[PDB]
Each structure stands twice: as structure tokens, then as C-alpha cells.
Amino acid sequence: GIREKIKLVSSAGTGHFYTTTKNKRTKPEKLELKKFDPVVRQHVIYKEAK
Amino acid sequence: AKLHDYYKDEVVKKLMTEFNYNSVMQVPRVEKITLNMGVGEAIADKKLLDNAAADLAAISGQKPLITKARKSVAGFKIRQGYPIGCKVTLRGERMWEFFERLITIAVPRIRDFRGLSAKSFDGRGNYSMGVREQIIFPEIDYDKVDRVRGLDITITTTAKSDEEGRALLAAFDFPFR
Amino acid sequence: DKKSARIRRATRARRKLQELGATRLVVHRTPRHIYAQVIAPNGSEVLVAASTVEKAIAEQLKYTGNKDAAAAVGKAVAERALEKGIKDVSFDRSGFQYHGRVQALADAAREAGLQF
Amino acid sequence: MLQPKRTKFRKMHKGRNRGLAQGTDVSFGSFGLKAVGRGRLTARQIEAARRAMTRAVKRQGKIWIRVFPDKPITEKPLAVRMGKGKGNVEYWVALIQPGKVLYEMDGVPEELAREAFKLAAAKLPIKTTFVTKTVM
Amino acid sequence: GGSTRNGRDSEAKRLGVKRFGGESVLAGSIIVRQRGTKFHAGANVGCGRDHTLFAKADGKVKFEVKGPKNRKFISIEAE
RNA sequence: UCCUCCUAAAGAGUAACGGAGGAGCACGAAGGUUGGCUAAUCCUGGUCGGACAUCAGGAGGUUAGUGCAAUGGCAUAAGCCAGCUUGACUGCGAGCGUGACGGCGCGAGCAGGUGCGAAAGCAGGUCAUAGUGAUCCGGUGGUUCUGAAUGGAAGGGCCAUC
RNA sequence: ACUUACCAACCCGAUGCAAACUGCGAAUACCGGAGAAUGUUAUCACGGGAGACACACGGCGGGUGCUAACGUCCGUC
RNA sequence: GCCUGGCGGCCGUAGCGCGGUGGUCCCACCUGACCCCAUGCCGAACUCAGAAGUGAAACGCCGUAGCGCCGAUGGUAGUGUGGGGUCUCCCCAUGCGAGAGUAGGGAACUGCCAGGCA
Ligand SMILES: [Mg+2]
Ligand SMILES: [Mg+2]
Ligand SMILES: [Mg+2]
Ligand SMILES: [Mg+2]
Ligand SMILES: [Mg+2]
Ligand SMILES: [Mg+2]
Ligand SMILES: [Mg+2]
Ligand SMILES: [Mg+2]
Ligand SMILES: [Mg+2]
Ligand SMILES: [Mg+2]
Ligand SMILES: [Mg+2]
Ligand SMILES: [Mg+2]
């Protein structure tokens, strides 16, 4: 269970965030995705993935 | 080129008269000449495989393909997806060009007293031998190269049987003996 | 061999169209000619057809087997389908790449007015 | 003693023994010994019966064995409570239906095969009878 | 060694034929986990992510065998 | 505690200190879509190379393969390779299956926005079935719901999450 | 470098066995639809009150046991 | 009337093997490929521009019972209900009735559109 839980934070001013999991030793690079933000109702980038 | 039109005019007539074919198409043709090395020392280091690719490119002209292991055989401690050999399948104008540069000069240099085996057919019409000496073709200098690894060629033909294949290859300059 | 491979390529779409239940424009390409026909949703009856093997179309071109003849046949299919009144057909490539001569015919029909 | 070289499973359900035998014809030899009742038939019994007729004819003719012990039989120790898992295999047995042919012989006279099969039947637990190859 | 430890709740196999549920898409008319011998006949909507067949709107449920390999499909007669 | 098979008597369900095996994960691609491809094994010929590495041809037609135990599936591929991508989206959801209940599961279709494709279309994670822990208590972010004389604040509620 | 009083894979023919084998396959049972007769609604829903959750033996199909037990554990009458 | 191409019905009595045969059209081979497009390398495949030549391969058609395939009647096994026996297994009345095997069959049939030939 070395895989750990991280949260993807919307780049917009909204505080909305998603949650997922990722391996730390294999891919330490930050994860960047494009997901729907229900507050602004648009697809935006997400960050903050250790 | 020259041997392409030489197969076109004459040669084909020789085989036609020999085997009494009803149709011109019944005469066997040549589709491809496959060059293969399969060094196998890639398990030691990748530079040997790179050098092998360069050497085979020297003869071919464009680039070789790298063949991966189809199984993880423990006997040869090979791993699936591990490139252990290189290959080329030239075709058409380049095929005839290499066949010319092979037959004309390289084969006479290959043990003139022996040449190659007369019986080297699989049974359908294919015709293959190992050069074993990559210096014959001289296109590229070999006083600088490091290894003297060999080489293998296989001529594919649409011949029905070994007799037809041998007759076709005899029609060319292939001395067999 | 090649024909079997083409049929293997085309089967999935061929029957996905019948699952959706829609009239399909099927195209058969050969080195010398090209054919197109509109097949009904049940896949048993032909509504419209046109190719380069008929006197018309084929007697007013350079050589059957090029993109110009493909465009002519597409125009013919579009006009005849419009005459019959059928609309909203689903084009199928029948295992051929969409970029070749099959690009035409399809383009010609959709510009003619058939709802690709 | 006869038993399989390897077993896919080491223990098997008890099961029942119903119906008539399938192989009821003399196929390999000229004379045969076929059962009339039903019951178990152990490897030890088969081996002893084989020796009976083999030594009865010494060195003459050929002998076939049609049955084979396939299913294992378990048995728990003496002073053991009920339960605590299934017992452990002790011997192998062959289920035989009435009409099953057990042994056959070819290269011997009838008057000697009869006595050899009599001796073998003496060892066998189930009752048997002597049959001839005949035709279809 | 070791026994018991058997899975539980093997779900279900067959949920009906003909106008048994009928109304709406239903969620039966399938052997879950089966796929083979129970395919969508086009008339009923395709499998779920767990290989579950279901209806479109209404109608009778029928079973047929057709096509190469002699596979069995479930169709629905719209009414 | 959970998953697979038999026992289990051709709908479901069905016990024993009955007979056999696994799980307490993994993947940012091993997901989505478009395009393409087809296995194991054996035989013949050929430098190192041989029982087995790679090459050509011929038999064979899935005995191959699946991220992981077993069953059921898979050629249309659910198996193999490449391009672009984030639908591993948000709010709902007729209808249904399975449970004493708590609950668990499948789901067409609607609204918003998005990816692949020429288009028809597909996509609400992975071939499916294990990879899990109620309530209470508290922590973090958002909210303009409450705020004990009034204005604030503390605390509480609601949404996400530990 | 020949020999073989030796064993033996694959393949072909014949012969058996399997709860965890199936290129086959019933009788029953179950689900759904239509119809006649018969049955004091025998069916379902809601509400008030319960008791009960130690079962026994016989037949049939089984697991376990030694197809032993007035043994033991299931299915159905 | 035939012959050919495309899309279907059906899913081996529809397959495989062996022999023969087809080029007006169609189909496939087939020529070239500076380009559209492409090969983990290769106009092999995909793709483009053509019609000199050949039905050799492939494909269509015809014959052939070597194999695959289908397959009765009868008997047998099993089984629901009722009854019986020496009851671990059977029998009788009645209802249902296999699998395997035998005789035998079998070298598919069929719808729509288009073209060549009357
Ligand atoms: Mg059951
Ligand atoms: Mg039952
Ligand atoms: Mg119960
Ligand atoms: Mg996957
Ligand atoms: Mg695809
Ligand atoms: Mg996938
Ligand atoms: Mg899986
Ligand atoms: Mg206040
Ligand atoms: Mg708060
Ligand atoms: Mg109790
Ligand atoms: Mg009880
Ligand atoms: Mg008791």
C-alpha cells in the first residue's frame, strides 16, 4: 500500500478539488490534468499532486 | 537494373523452354532478399547491437530493423522484448542493386574454389546461405572496424519446387559450385 | 487473403450500423472501377446504386478508377438518393482507408446534399 | 499393487455404485472372467488374483487386466473423534458393475483357462463367470 | 490444510422470458458474468460493465441462435 | 472479514472442525477514442547457434494471451502496436436485481461542459466477479445557513475531504 | 565409427474411469401467457396481539463415518 | 436464359481434400510511383497514376463419398406418480424416453441491386 492519496486543486479561484492516488517512488513528478470545475462550469487545469 | 531487364529479356525464355510452361507467369520470380545477422551478444551490451546495425546499414543503405525476443527462454537467458538481432528486407530496385553488387564481385571473393552449397533449398524454392564474412562486401572499410561478425542472406522465390528454384538460380550467375 | 482481411476490418462497423438501424451508403473500390449503393436498414433490399460499369457516367470521363470518376459516381448516388427521397444515410468505408479515392464520392455526395 | 502415477486430487467423494457395466465383451483375448455382482475390488485383491492364474499357467499365453483401481479410499485412525477433517487415503479400489469383464487370456486351451479362472475367482470377493470370445 | 472459506452471494442466473417484467429497460434477462451464450440481439440494449443485459422500452423477451459459431442472443419484440 | 470451484439433487438459495485455491492490491497508463495487427507448438533450409535466441518457407488454427487465484468469457477481439487525448467529468435518472435491515449492484435517457473520429458514433475508469470498516469524536478547505440585547466574532449546520 | 538380448516420447487402432472433465443430454422442477371446471378469497396490502428460533423418526438425493450407529450435516415429502 | 460483382438470409446435408475448367465483360494478378498516403526497415501491406501482358497463383464453377457433417426405426439407460422385494440395489402398472451405435443421407439452398452475353 505504498500508493498514497493526493488532491488535485483547480487552478481557478474556486476552492473545488478532486482526490485520487498516485505512486511516489515511481513517478515523483507533479500530475497535471484538465477536469471540469462545477463552480465556474468550465474545464480547467488541476495541480497539487505530490 | 541490368539484371532486372536481363531477367526480362532472355533468362525467362531459357526457363520457359526448359520447363515447357503454358503461361509466362509459371516461371519463378524473385520477390525479396532478406539480410539477417542476429548477433545475440546484445545481452552483454547495447553497443554491440548498435555496431551491428551500423555494419548492416553499410551494405543495405537506408537502415536496419531490430528484432525482439519472441520468448523469455532461460537457456539463452533472453528476456521478452529484448532486441538481440538485426534484419533487412530490401525489395525492388534496391533489391536488384544489392543482387548485382553481390553476384558480380562479392561471390567470387567468397571461396572461389567452393562458392557455396548447391543444395541449400528449404523445399519450396527459397535459397539461403551465410556469408560468415562481412568483409567480402567492401563498400565500407574494415581495417577500422572492431568485430568480424558474419551475415546471412535468403532469396525468396515463387518457384513451385526445389527443381524450379534451382533452375531459376542457375539461369543467373549464381555458380552454386 | 487481402479480401478476407478487408472484411475482417469492416465487420465491426458493418454491423454496428445495423444495430443502430440506419440506411448505409456502402462503397466497393477496385483498381479499375468503383461502386456505391444505399442499403436499407434491414440490409436485404437495395434502394439506389451507381458505379462506373454503366454506359452513362463511364462514357464521359478519362479513365474509370480515379478520384474524378469517384466524384462523378458520388454525384450520381447523391442525385438518385435525393430523387428517391431517402436522407440521413451513414457512409461506411467497407474496410478501405477514408483518405484515398473514397475521400471523394463521400465528399461529392455531402456537397451534393446527402446528409453524410 | 496398481495405482495411478499422479492424482489430480488426492481425495474423492464416496459416491454410489449403480447401473450395469460398460465393457462386457471379450475384446483382447479368447476367454474372459466377468463379474455377476457389484462391489468394490481392491488393488491387493486384483494382484493376488493375477498371481493365481499367472502361476497356474506358469509361462503360457497372455493375460490382460481390464479393471484398474482409480478412486482412493480414506480411513481415520482408531481412537479419533468424529470430524476434524476427512481421513487419509489408505488403499485404492475399483468400482465394478455386474457384467464387467475383469481378466482375459488368449494363448491357452479352454480346459486350462477354466481352471486358472477358477483359482482367480477363489481369491476374488465378487462372484464371477467364465465367458468365451465368440463373435459379434 | 484449510477448508470452509467459500464465497457467498453468487447473485442470479435467469430473471425471466417474454413479458415478465416488460416495462422500461429492466435489469434482468441475463446470466450475469456469462457473456457467452447470452449476447445483446440489438433489440435489447447492450451489456453493462459487469455483462448485464437489459431492455430498451417494452416488449416480449425471446432467445434465438443465429450467426457463425451458433451463439445465443436475447432480443425484444417492440410493441 | 471478502473472492473462485465442487459438494448443490439441469431456475435462485442451501450445512458440516467437508474437498481445493486466492484477497487486505496495481495503473496517470495497464483509462478514453481513432487507425492497424493476430497466437502456441512442430517441420524444412541457413555463419557464430546449440534441444531452445534471430531469419525464410511450410504444417497447425487458439492447445497462445489477459497486471494477480479459479470460473465464465473474448477473433468482433476483452489479446498485440501506434497517433491524439483526460469521460478515472459535474447535477439527475424512468426502470430493475439482491438483501430482515443497514446497504450493495446494473441502468437507457435529460441538462452543462469536454476528448477521439470525415461521419454514423464511443467515452460517467480498467474482460467480469476479491483489493475492505458503520456510528460517535475530532482535523483541513468552501459557503454567506445560523449567530442567546444589537453589530461582529466564537461555536454549530450544509458541501468536499482526512 | 558401427551395434543394440535395452527403455521410450509423439502419432494411429482398440478398451475402461472422473464431485472439482464435456464435441451430447433427459424425466422432474421453475418462470411466463391463454382456457374450462372446482375451491366459504384459498391471493395480496395495511394495522392490533403473539408464540417460536433444543426438533424427532421414515421415504427419496447426497457430504462425513466403516453407503457402521436409535451417529452426524444438508435438500424435499 | 446463363456468367460475373456487391449487400443479405441461413450457419458444416453450407466444410476440407483430389481432379477438371473459366477471360467479351467483371475479378484477380499485373506496370510505374517526382506527387496525395506509408513502412518501427522494404510501394510486402496501405495508397496514387495506368492497361503491355497472363488466368500461372488467388477466386468462381463442374465432377469425385477419402475425411469432416447430418442421421432414422427398433432396442437399451435414466426418470415423475402408485405399489412391492432377499432393500449398499432392484422389480411391477402407467407416463416421458436418451446418449452411443446401425441402415441411410450428403459435393447446399435462397432474396435484392448492378454489369456482360440473345
Ligand atoms: Mg443451483
Ligand atoms: Mg433443483
Ligand atoms: Mg434452509
Ligand atoms: Mg487493461
Ligand atoms: Mg479498434
Ligand atoms: Mg483496451
Ligand atoms: Mg481483471
Ligand atoms: Mg450577539
Ligand atoms: Mg464551519
Ligand atoms: Mg437450531
Ligand atoms: Mg434439521
Ligand atoms: Mg438423528
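Side-chain atoms are counted along with the backbone in the values below, which use heavy atoms only and exclude waters and symmetry mates. Numbers restart at 1 for each chain; the letters A, B, ... are given by sequence-line order, proteins then strands.
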Touch check for C:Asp1, heavy atoms < 4.0 angstrom, all strands: base, sugar-phosphate only, or nothing?
nothing
Contacted groove, defined by base N/O atoms under 5.0 angstrom of the C:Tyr63 side chain
major
Which base, if any, makes a Watson-Crick or G-U wobble pair with F:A20, both distances under 3.5 Å?
F:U4
Regarding B:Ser128 and B:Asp152, is there a side-chain donor-to-acceptor distance under 3.5 Å anywhere?
yes
Using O4'-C1'-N9-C4 for purines and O4'-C1'-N1-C2 for pyrimidines, with syn meaning within 90° of 0, is H:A33 syn or anti?
anti
Would G:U4 and G:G39 count as paired if we go with Watson-Crick or G-U wobble and both distances under 3.5 Å?
no
Which is true for C:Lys2 with a 4.0 Å heavy-atom rule: it touches a base, it touches only sugar-phosphate, or it touches nothing?
sugar-phosphate
Under 3.5 Å, is there any donor-acceptor pair linking the side chain of C:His33 to the base of H:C26?
no
Tell me what B:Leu116 touches on the nucleic acid: a base, only sugar-phosphate, or nothing, going by heavy atoms under 4.0 Å.
nothing
Under-4.0 Å side-chain N/O to phosphate OP1/OP2 contact, D:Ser27 with G:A14
no
At 4.0 Å (heavy atoms only), tell me whether D:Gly87 reaches a base, stays on the sugar-phosphate, or touches nothing.
sugar-phosphate
For G:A52, glycosidic torsion class - syn if within 90° of 0, otherwise anti:
anti
Using a heavy-atom cut-off of under 4.0 Å over every strand shown, decide if B:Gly92 touches base, sugar-phosphate, or nothing.
nothing
Side-chain N or O of E:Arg49 less than 4.0 angstrom from OP1 or OP2 on F:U129?
yes
Give a yes/no on whether any side-chain N or O of C:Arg14 is located under 4.0 angstrom from OP1 or OP2 of H:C7.
yes
With a 4.0 Å cut-off on heavy atoms, is C:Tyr98 in touch with a base, just the backbone sugar-phosphate, or nothing at all?
base
What is the base-pairing partner of H:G60, counting Watson-Crick and G-U wobble geometry with both distances under 3.5 Å?
H:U21
Does B:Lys119 get its side chain close enough to the base of F:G45, under 3.5 Å, for a donor-acceptor pair?
no
Could you check if the base of G:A5 is syn or anti? Syn means the glycosidic torsion is within 90 degrees of 0.
syn
Quick check: any donor-acceptor pair below 3.5 Å linking the side-chain of E:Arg5 to the base of F:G21?
yes
Nearest-nucleotide pick for E:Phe20, side chain only, options being G:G32, H:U47, F:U98
G:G32
Would you indicate, yes or no, if H:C27 has its OP1 or OP2 atom less than 4.0 angstrom from a side-chain nitrogen or oxygen of C:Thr30?
yes
Quick one: is D:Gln22 getting a side-chain N or O under 4.0 Å of the G:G16 phosphate, OP1 or OP2?
yes
Under 3.5 Å, is there a donor on one side chain and an acceptor on the other for B:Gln26 and B:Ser23?
no
Please state the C1' separation for the pair F:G155 and F:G131 - nearest whole angstrom.
41 Å
From the candidates F:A78, F:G36, H:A44, the one with an atom nearest any side-chain atom of E:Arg35 is F:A78
On the nucleotide G:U67, are OP1 or OP2 found under 4.0 Å from the side-chain N or O atoms that D:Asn17 carries?
no
